[PDB]
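What's counted below: heavy atoms across the whole structure, side chains too, no hydrogens, waters or symmetry copies. Counting convention: from 1, in listed order, for ligands and their atoms alike. In this chain, residues are counted from 1 in sequence order.
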Amino acid sequence: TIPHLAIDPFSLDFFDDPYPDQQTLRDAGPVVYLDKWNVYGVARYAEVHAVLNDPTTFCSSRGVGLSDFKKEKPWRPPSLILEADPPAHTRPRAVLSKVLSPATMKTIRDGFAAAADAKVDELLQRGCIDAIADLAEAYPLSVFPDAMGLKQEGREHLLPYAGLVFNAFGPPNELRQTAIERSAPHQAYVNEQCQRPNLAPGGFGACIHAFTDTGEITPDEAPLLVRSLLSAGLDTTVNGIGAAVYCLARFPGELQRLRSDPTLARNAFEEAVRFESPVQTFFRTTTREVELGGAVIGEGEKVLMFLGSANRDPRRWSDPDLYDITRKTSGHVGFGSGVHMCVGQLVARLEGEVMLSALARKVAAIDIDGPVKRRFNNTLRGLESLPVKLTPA
Ligand code: HEM
Ligand SMILES: CCCCCCCc1ccc(C(=O)O)cc1
Ligand SMILES: [Cl-]
């Protein structure tokens with residue numbers, strides 16, 4: 001009954017252009033079986049949304065990558081939040097939710113905004129820049145490590161460690177194998193910065209450690225929760241901002257709308273997250289036999305959810321393949337959905353908004369003026385290089 005497909009969603013050809021294969025996956029049926037990796041697949045909005053919102057049946061504690069922690073050893077100690085289920089999930093989720101709170105956003109917003117204006121002003125002096133290294137990477141690097149309370153030395157380890165994390169969710173292909181074999185120095189740096197003495201007062205990391213006395217987490221849980229922010233908190237935003245700039249570069253009419261109303265900045269970033277879905281895919285593991293989209297899935301099966309595909313499903317979206325900065329984006333799954341829905345989304349949206357605000361106010365045009373290169377990663381979608389000429393307003 002369930003269609004079997006030979007599509008490899010973790011192959012370079014798929015990364016290079018996923019959209020036709022995603023339509024093939026959607027149109028084959030609500031649930032598919034991927035013979036390449038022996039996992040179930042769901043690529044339509046309805047089923048992706050359903051799976052995300054049933055954490056009891058589709059659990060995370062057996063891992064959200066291909067590997068089933070009940071069968072294999074996780075490559076690093078499990079995340080206490082991403083790779084945990086309720087109830088163990090709940091209090092660590094609460095702590096990170098308060099660390100990354102509206103009040104915290106209120107404290108850092110003006111610095112985040114100044115840094116974005118300054119970056120755009122600096123890039124306009126150069127004119128011809130690489131929007132990945134010089135903007136999508138440089139801006140988050142200029143605010144997030146400091147907000148974490150990290151020291152200066154060793155920050156070069158952060159993006160490699162994140163690339164490693166996101167590749168390690170994937171199957172054991174060459175991307176994953178190579179990342180792991182290169183991992184040791186990046187892991188060592190990150191794990192050491194997670195210790196209380198190494199996190200500057202006032203920052204996210206220190207605030208996690210300060211929350212170890214409330215009965216929500218214990219002091220021995222705080223380093224791995226800092227580890228979560230150092231895993232998730234930089235590279236995601238890099239590819240998110242990268243996405244938004246690429247969208248503005250490819251859809252000049254939308255840049256023109258954004259210039260005319262800079263208050264559209266926050267939604268213009270949200271749409272870019274829908275449209276490019278920086279985090280493309282991840283897994284759940286079934287804890288029981290379950291009926292999903294008319295198909296029966298046994299206990300202990302991995303299920304692969306295509307977030308980027310759900311975000312382009314014409315069953316849910318009008319003109320999904322158009323970038324529309326005034327779209328009602330509410331309900332997209334680029335940040336997940338349900339109990340694990342991105343706990344860092346206020347930081348993400350803050351960085352995204354103030355960068356696109358700076359662009360809206362200072363830039364007249366964004367023209368690609370060189371070869372675009374894609375970056376391949378088992379989990380993340382984004383570019384290696386985006387040469388653009390910026391014209392000042
Ligand atoms: C555009 C940027 C981002 C995107 C697209 C993104 C995407 C996601 C998605 C899809 C999930 C759900 C994973 C799941 O359900 O298994 C998630 C969870 C999470 N994200 Fe984000 N994220 C972004 C930025 C950030 C930032 C800036 C931080 C930290 C400062 C962060 C930290 C986390 C953490 C700790 C979780 C686990 C939450 C939980 O399991 O309850 N993310 N993210
Ligand atoms: C790729 C499938 C999982 C979704 C990834 C979201 C980003 C993220 C990474 C790592 C951690 C962590 O807790 O370590 C938390 C979130
Ligand atoms: Cl690690």
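Set against the non-hydrogen atoms of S231, the atoms of ligand 2 under 4.0 Å away are 10 (C), 14 (O). For ligand 1 and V343, the ligand atoms under 4.0 Å from any heavy atom of the residue are 34 (C), 35 (C). Residue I81 has at least one heavy-atom neighbour below 4.0 Å for each of these atoms of ligand 1: 38 (C), 39 (C), 40 (O), 41 (O). Near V279, with a cut-off below 4.0 Å to any heavy atom, the atoms of ligand 1 are 7 (C). Remark: ligand 2 atoms within the under-4.0 Å shell around heavy atoms of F166 are 5 (C), 7 (C). Close approach of ligand 1 to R93 (heavy-atom distance below 4.0 Å) involves ligand atoms 38 (C), 39 (C), 41 (O). In summary, the atoms of ligand 2 found under 4.0 Å from a heavy atom of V64, numbered by their order in the structure, are 3 (C). The atoms of ligand 1 that sit less than 4.0 Å from any heavy atom of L82 are 13 (C), 14 (C), 16 (O), 40 (O). Close contacts between ligand 2 and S79 involve ligand atoms 12 (C), 13 (O), 14 (O) [criterion: under 4.0 Å to a heavy atom]. Close approach to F169 involves these atoms of ligand 2, each under 4.0 Å from a residue heavy atom: 1 (C).
Hydrophobic clustering keeps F282 apart from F306 (ILVMFWY residues linked when any side-chain heavy atoms are closer than 4.5 Å, directly or through intermediates). Following chains of ILVMFWY side-chain contacts shorter than 4.5 Å, one can reach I368 starting from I241, so the two form part of one hydrophobic cluster.
The shortest contact between atom 12 (C) of ligand 2 and any protein heavy atom is with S228 OG, 3.3 Å. Nearest to atom 29 (C) of ligand 1 among the protein's heavy atoms is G233 CA, 3.7 Å. Protein heavy atom closest to atom 2 (C) of ligand 2, with residue, atom name and distance, is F282 CB, 2.9 Å. For atom 1 (C) of ligand 2, the nearest non-hydrogen atom of the protein is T379 CG2, 3.0 Å. What sits closest to atom 32 (C) of ligand 1 on the protein, heavy atoms only, is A232 CB, 3.3 Å. From the protein, the heavy atom lying nearest to atom 11 (C) of ligand 2 is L82 CD2, 3.8 Å. Looking at atom 6 (C) of ligand 1, its nearest protein heavy atom turns out to be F335 CD2, 3.7 Å. Ranking the protein heavy atoms by distance from atom 14 (O) of ligand 2 puts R76 NH2, 3.0 Å first. When only non-hydrogen protein atoms are considered, atom 8 (C) of ligand 1 lies nearest to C342 CB, 4.0 Å.
Using 4.0 Å as the threshold, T281 has a heavy atom nearer than that to some atom of ligand 2.
Among all heavy-atom pairs drawn from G300 and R62, the shortest one is CA-NH2, 3.7 Å. Summarising the geometry of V333 relative to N311, their closest heavy-atom pair is N-OD1, 2.9 Å, with the distance given to 0.1 Å. Counting all heavy atoms, side chain and backbone alike, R76 lies closest to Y161 at NH1-OH, 2.8 Å. Scanning both residues, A210 and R196, for their nearest heavy atoms gives CA-NH2, 3.9 Å.
Under 3.5 Å, the side chains of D13 and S11 contain no donor-acceptor pair of N or O atoms. If you check the side chains of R381 and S277, you find no donor sitting under 3.5 Å from an acceptor. Of the N and O atoms on the side chains of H332 and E270, at least one donor lies less than 3.5 Å from an acceptor on the other residue. Residues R44 and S309 have side chains that never bring a donor and an acceptor to within less than 3.5 angstrom of each other. For the residue pair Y33/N38, the side-chain donor-acceptor check at 3.5 Å is satisfied.
Residues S228 and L80 have side chains not in contact (no heavy-atom distance under 4.5 Å, counting atoms from C-beta outward).
A cation-pi contact, defined as under 6.0 Å to the ring centre and within 45° of the axis, is absent between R284 and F58.
Where the criterion is an N or O separation shorter than 3.5 Å, residue side chain and backbone included, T236 fails it with respect to ligand 1.
Under 4.0 Å from ligand 1, not a single heavy atom of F204 appears. Using a 4.0 Å cut-off between heavy atoms, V339 contacts ligand 1 through its backbone alone, with no side-chain atom that close. With a 4.0 Å cut-off on non-hydrogen atoms, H89 touches ligand 1 through its side chain and not its backbone. At a heavy-atom distance under 4.0 Å, no atom of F283 approaches ligand 2. Heavy atoms of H340 found under 4.0 angstrom from ligand 2: none, in either backbone or side chain. The side chain of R284, and not its backbone, has at least one atom closer than 4.0 Å to an atom of ligand 1 (non-hydrogen atoms only; side chain from C-beta on).
The heavy atom nearest to atom 15 (C) of ligand 2, considering only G233, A232, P278, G170, is found in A232. Nearest to atom 5 (C) of ligand 1 by heavy atom, out of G242, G352, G334, is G334. The closest heavy-atom contact to atom 40 (O) of ligand 1, among the options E83, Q345, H340, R274, comes from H340.
More than 12 heavy atoms of other shown residues, nucleotides or ligands fall within 6.0 angstrom of atom CD in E384.
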Before giving the answer on side-chain hydrogen bond (donor to acceptor under 3.5 Å, both in side chains), spell out for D134 and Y139 the whole-Å C-alpha distance, their side-chain angles and the decisive distance to 0.1 Å.
-> CA-CA 8 Å; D134 299 329; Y139 172 62; over 6 Å; no

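Taking the six-membered ring for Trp and thresholds of 30 and 60 degrees, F275 and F251 have ring planes more than 60 degrees apart, a perpendicular arrangement.
Checked for salt-bridge contact, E301 and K71 miss the test: no charged N lies under 4.0 Å from a carboxylate O.
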